[PDB]
């Protein structure tokens, strides 16, 4: 067994960067707040440090889908208890079923009960909820609205065991696109929320009245009046739409429901907000703008009630992409509303809010000259979760596709003032890291991220001012620096429907955009010669890989390389480039103009990660494989002429190098992999002869390791990319 060494793991500070489909306040305990994410686990707010604490970093390599958090419930009767429904996809992309996780210590530790079906924390419909709900009068009882047509599920033993509720017989019939050939939009979204009437029981006794939301346009709302023994469609309900939210107020005895014509979170063209009064059975359409009006171009979600003053409620657009989201507020139970912005004289608007992003300045997306009617930063989008603090009428929080915004002066709206919104995402690190580099001079690390581009990180403790611009990719798929002239850098990535390339000669002080070769539909990957004098780019979509000798102004096709081959430059000899594709290794000795196959056997076809070593010409390490084929770590010391498998590694998925141990003759090597039957993150300081585990079972981060980098200046340091937990750095303790 590889021994473990004590390490300190932190996030490189970005603040947010991903979608928060759910914010959940505990109804009895003030400042107890959780957030659920689509791909990056769940978090608990720590009010003493003003930061979020991740709760699911123990999810590892084989159960990686558990970082998908489709619902979370926090127990009002016992605030130490918390539950989460987990799993990431309901198609083939997650090979595993979902689970309900249960905790008696606020998510410090958990136990899992696997479900007999999949959970879709990053599927369509994931902003509808909460599907998981605890009986507020009898906390042994929990319900889960399942996806897929599996219907309504229940535990009566504090989450330990779960079974289908036989008497609930509508599992839902809506998929966003039932004929999607991509097999992503075509899954039944199912039973979407469970909401109790707390006045229908008392501490210790089963709540008799329960409402359930179903993604069925003709049967959206069900009710039990006998503690879930029997269920019936609620009479007199509206039809034609899907209920994103169902929020019940026992003070006035009213169920509010926000509907949309799709499951969300990316779309929604029509919907309504309805009010059901339980005492009389009355239905009222309280839509700020009803779907019968041609002025309405979004559905509704973001439904929340002010628990301290329950005549006050809010709802929001699901979805207004243009000109921005709108939020609506009523203080008289929906009889009338005002809106957070208004047209004054088109394209100008008046606003009931201001926004301060000085703690997360990249949220303007590098745009400080937006064209009216747009502003920058925007109010938001994918704003399915909007929540008034049940202990403080002045606090509200909402999730977007990029952040959590919060206000602490919400009732200023009601006196004609402007609420202040600010990000509230310190510690909540949700980005997918696609590539990462650590040069030997200047800033310690550069990130290449999905959705927000990525950054030069001048200080790992300080949020970068802006993502890369000119060009500004949505996702940077690959970045490189010229080993011998590190201020020269290149990056490729995704831009409005296609791809492109950005180059720089002052280490990203400023970039400019190069021209494209034919057929580019996405960034793919790129390599920069060691002296900065050539670029080899394998774009997505293109039929070829291309060379530039003009720093991206012009290109020429490379005849031998398959489309999309993984390219790496030698870090010493500017004339050497390498490529890997599907079991074949290829080398160029003429600075990228041509390549030739050198190895066609012994390398697993699945391997797609390799790297040349700084300071060591022709020294290459290669990681990959699969459990059905062959798997491990290979090394060449002859510029790719041949590879030797390391006997010390059972499986490896990526490899990088950093500063040598004092006295050692070779850089430290870091891998993502399996060594002596243990999965994790390993360091070798003797050329791969033996390994030390530098992570631990609480710090596994799921499907991590697509991008890793050692640090040539700092012994022991590893920049560890994740898919949903940002960019970590680990240091020897």
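Positions refer to the first chain, counted from 1.
Taking only CA atoms, the mean B-factor in the PDB entry is higher for 369-377 than for the other of 369-377 and 126-134. Set 144-152 against 343-351 and average the Cα temperature factors; 343-351 ends up higher. As recorded in the PDB entry, 511 shows the highest C-alpha B-factor of the residues 174, 83, 241, 511. By the numbers in the PDB entry, the CA B factor is greatest at 498 among 390, 450, 498, 190. When the modelled residues of the chain are ordered by C-alpha B-factor, residue 617 sits in the highest third. Remark: residue 667 belongs to the highest third of its chain, ranked by C-alpha B-factor as recorded.
Sort the modelled residues of the chain by CA B factor and residue 13 lands in the middle third. Sorting the modelled residues of the chain by their CA temperature factor places residue 43 in the lowest third. Per the PDB record, residue ranking by Cα B-factor puts residue 681 in the middle third of the chain.
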